[PDB]
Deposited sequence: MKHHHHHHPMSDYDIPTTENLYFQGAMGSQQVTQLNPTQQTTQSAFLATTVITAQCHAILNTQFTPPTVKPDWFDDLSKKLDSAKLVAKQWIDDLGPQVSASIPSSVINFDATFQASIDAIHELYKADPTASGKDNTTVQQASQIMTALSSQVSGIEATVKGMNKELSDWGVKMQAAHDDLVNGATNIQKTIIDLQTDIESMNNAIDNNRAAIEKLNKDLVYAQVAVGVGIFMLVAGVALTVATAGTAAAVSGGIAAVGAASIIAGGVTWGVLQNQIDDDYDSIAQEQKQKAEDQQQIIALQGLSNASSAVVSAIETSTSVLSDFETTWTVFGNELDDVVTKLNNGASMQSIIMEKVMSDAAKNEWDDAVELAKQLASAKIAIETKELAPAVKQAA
């Protein structure tokens, strides 16, 4: 069975911010080690990686947990007043089911109940919008760091005239792998069934050189995918194998220092993935804001109707007052509670393509 509209935007928004977190961890799992003879460009490119890692940590340590928690708590924290409000309206109707007219006290109370509930929705709208603005601002900083890393690698790669053909091959495989991993994550974000509570993050370094992480001239690109009880470590290995198997063979033909230069775009695999995840999050956070805006305007419509002389009878038939809406809301709250307490596992490994 499928997610109802409020469930869908709740879950999608939350999973998308969880992908940002996963890819920030992937940035932190990106690394490279100088060759035995450290070249002119190493320190400056390393600083650019450090800058990307710094921005990643701001999300992991501060902004991320706050944005991600705001999505379910907006639903959870609205529940008590929403229920009491709808119950009060039902009770008003039961006591005076023919009440109509702006001077009728039942109408007046119903109007005041829905006006106050709408004012609460407007506050929630602003809260979500503010969160999406904080994400936006942070994402500008991450984009800057990403662009600087990309451009740094690109300029270095231009200066070694012999390797241009191998760099092209590596960067084709890198683009292929990025796209494949991105699809795994986007598929989850946009899934239309309940993900459950077994949500996890798979974070890998990917050897792009013969030299393993920590040894001279090594390059380790980062990848991450979110899944739930569908991503697996075996799936990630088969993709790495699919995309990089041939590059791993080619890299063995090259000197250690050369393999490193060929792999330098890998240092921004993780940050390109974070940039994509920022894109997706901004979109589904707008969808989530829209969930609240729609609801707010529905309540406003009830207020307008009452003030123009509508009967309570006409109001009790509206969508917001209906049994279906109550049951969808109740299901959205439950979904949101499960997300808010979900304990998201992080598993970290170092992977290499096949030989």
Missing segments of the deposited chain sequence, listed N- to C-terminal: 1-32, 262-266, 393-396
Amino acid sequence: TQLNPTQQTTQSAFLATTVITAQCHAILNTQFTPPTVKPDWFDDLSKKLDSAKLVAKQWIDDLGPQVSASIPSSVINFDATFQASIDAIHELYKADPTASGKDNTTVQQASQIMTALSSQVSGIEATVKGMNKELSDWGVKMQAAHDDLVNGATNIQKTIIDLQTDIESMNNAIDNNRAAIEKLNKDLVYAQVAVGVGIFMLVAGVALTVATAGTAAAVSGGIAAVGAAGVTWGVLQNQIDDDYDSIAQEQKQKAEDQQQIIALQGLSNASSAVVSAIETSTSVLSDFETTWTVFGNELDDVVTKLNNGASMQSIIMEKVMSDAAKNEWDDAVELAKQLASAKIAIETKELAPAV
From here on, numbers count along this sequence of modelled residues.
Stretch with the greater mean C-alpha B-factor as recorded in the entry, comparing 197-205 against 136-144: 197-205
Selected stretch [higher average CA B-factor]: 311-319 or 282-290: 311-319
Among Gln249, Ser119, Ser73, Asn177 - the residue whose C-alpha B-factor is largest in the record: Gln249
Chain thirds of CA B-factor: placement of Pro65: middle
Third of the chain, ranked by Cα B-factor, where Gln7 sits: lowest
For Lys129, the third of its chain into which the C-alpha B factor falls: middle
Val303 - which third its CA temperature factor falls in, relative to the rest of the chain: middle
Chain third (lowest, middle, highest) by recorded CA B-factor, residue given as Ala26: middle
